[PDB]
């Protein structure tokens, strides 16, 4: 009667966060997940088998507690579709792209049968959709540009400051991000310019902007993520600038022609129409005074 799934995720605030497990090895207010840095389904199998057994030998460093907007969404889908799940963090930290004759990241794990579903801030695009299923989007956003107060001002992606940058203007994105993919296709000169300034992960871009003085002048990523960073910055020193560009949607990813896809899209429609997605938004995007 009750199905068991393995779900893969990717840490991206405020959709998915991790904190450490408690003294008991438990996750109050979170979901136990593993962070084993592997794309090997046989390794994941043996780790989860050990985790559920009377002889749990899983390295304690692999155990984390996942929480966030998408974890709340996953819990609701699990209730409504009557499944429980194992949760792990994608080993390479990537959403997925075609590299060296294969798909990386979440895409790769879906195609190889290593995960049943991918739940995070997963940007739907044509390339990925040719090989995996996406549900209807549970979140709609766009690209944006994060800057420092009294620093760089931009009208948006078509500002001359970005297209023929002043020498030494430092702007970048996370390598292999949705922003990188957009700029590569739309503005090849800008894509090459940014290579010098791109960073390994979202927290790096944010931290570099928060440095006094800043180590980066502008950071291009999904606005949903950047607005979250602005909302929590204690000093109100960050802001997003410019008009929205590169409309994006987040969907749940499944293997191609999955029998789950239509069921999840229907539930997402209901959650939207009956106010649940608004509840999650208000929960994770709190207004906190400067």
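Numbering follows the first chain given and starts at 1.
Legend: mean Cα B-factor per stretch from the PDB entry, 252-260 versus 53-61; the higher mean is in 53-61. The mean C-alpha temperature factor is higher for 96-104 when 96-104 and 71-79 are set side by side. Per the PDB record, 164 has a higher Cα B-factor than any other of 184, 128, 164, 148.
Set against one another, the Cα B-factors of 226, 247, 232, 29 in the record reach their highest point at 29. Residue 172 sits in the lowest third of its chain by CA B factor, as recorded in the PDB entry. Among the modelled residues of its chain, residue 290 has a C-alpha B-factor that falls in the highest third according to the deposited record. Compared with the other modelled residues of the chain, the Cα B-factor recorded for residue 13 ranks in the lowest third. Ranked within its chain, residue 6 lands in the lowest third, by CA B factor from the PDB record. The deposited CA B-factor of residue 200 belongs to the middle third of values across its chain.
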